[PDB]
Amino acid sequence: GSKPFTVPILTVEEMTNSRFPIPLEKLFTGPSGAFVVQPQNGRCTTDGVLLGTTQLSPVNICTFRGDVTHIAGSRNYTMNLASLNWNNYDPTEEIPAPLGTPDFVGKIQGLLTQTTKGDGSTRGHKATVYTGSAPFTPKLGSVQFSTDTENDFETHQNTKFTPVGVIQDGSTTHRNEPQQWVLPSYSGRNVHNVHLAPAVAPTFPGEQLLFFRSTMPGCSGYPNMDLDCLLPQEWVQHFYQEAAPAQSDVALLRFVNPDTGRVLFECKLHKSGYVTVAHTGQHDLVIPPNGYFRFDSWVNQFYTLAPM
């Protein structure tokens, strides 16, 4: 008596990263035994429960909204955060941070834009947020932006950050930032993170996570532009709507090639919202552009996959 579970038929290249507002490019698998995989965007159960900081909009990911105050002697502005909906922010909500908050330590560059309500005058400037910085305290309601202006932004007017890409600067050596698997301290460095979506790992020998991979635009320096998500944003939207009950811990998916009619590989979609495959080693999957995922049956954590 359970509504039948499905995944979208969109191809990988027809879908969006759930951790940054950019298209998916490829599937990637690699070992992750040595570190914790705990992203907070792109987290959703197969039955449609959003986790972490996950929200439904592809374009709100890594955005911030609020009003800003200038820091004297600098081009820096403090943003006092509003809700996604431009209402007052509530720090007591049982989430790690405001929905859509970046879930990695990095220097994210974009534009900060503003409109003056009274006359409809507008302004925009290049801006960067360092999510590893001491002033990055989104859970407490404020973050800081480095901008290209010292005087243009007004106080007490709605202000939006739209993310574009990432930078590597200052101290750092090539491709050592951003660090996609390092969570920000949402309340600052001395305060532990709360209400997190859990870390994920394969629990089977010879298995690895399967990642949905994009390349973030780079805006300066020699950044690591790889970005891996656990679920496409479209999948998040799909599960949220469908809300099909998980009949077992694991949904078995087959990846199908329509140009031949054959299955390329099979994988496990865990009910808590992540995918694993049977492979050892780093591998960029090579897939046909029209390839798609198809739900075939419910199995369990003990099911042995065919090697990828």
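In this text, the rigid core denotes the largest set of C-alpha atoms whose superposition between the two forms falls within 1.5 Å. Don't overthink the numbering: it's just position in the shown sequence, from 1.
Between stretches 58-66 and 32-40, more displaced by Cα RMS in 5 other deposited structures of this protein (rigid core superposition): Larger mean C-alpha displacement, comparing 58-66 and 32-40 in 5 other deposited structures of this protein, is found in 32-40.
Which of 78-86 and 225-233 strays further in 5 other deposited structures of this protein - Cα RMS after rigid core alignment: Farther on average in 5 other deposited structures of this protein: 78-86.
Of 53-61 and 236-244, the one with larger mean CA B-factor: That would be 236-244.
Higher-scoring stretch by recorded Cα B factor average, 164-172 or 144-152: In the deposited entry, the stretch with the higher C-alpha B-factor mean is 164-172.
Which of 138, 96, 178, 206 ranks first by CA B-factor in the deposited coordinates: Checking the PDB record, the top C-alpha B-factor among 138, 96, 178, 206 is at 206.
Member of 66, 39, 273, 261 with the greatest C-alpha B factor (per the PDB record): Answer, based on the entry's C-alpha B-factors: 261.
Ranked C-alpha temperature factor of residue 100 among modelled chain residues, by third: Lowest third - that is where residue 100 ends up once the chain's C-alpha B-factors are sorted.
Residue 21 - which third its CA temperature factor falls in, relative to the rest of the chain: Its C-alpha B-factor belongs to the lowest third of this chain's values.
Chain-relative CA temperature factor third for residue 267: It falls in the middle third of the chain.
Record-listed C-alpha B factor of residue 211: chain third: Its C-alpha B-factor belongs to the lowest third of this chain's values.
CA B-factor placement of residue 221, once the chain's modelled residues are sorted into thirds: Middle third.
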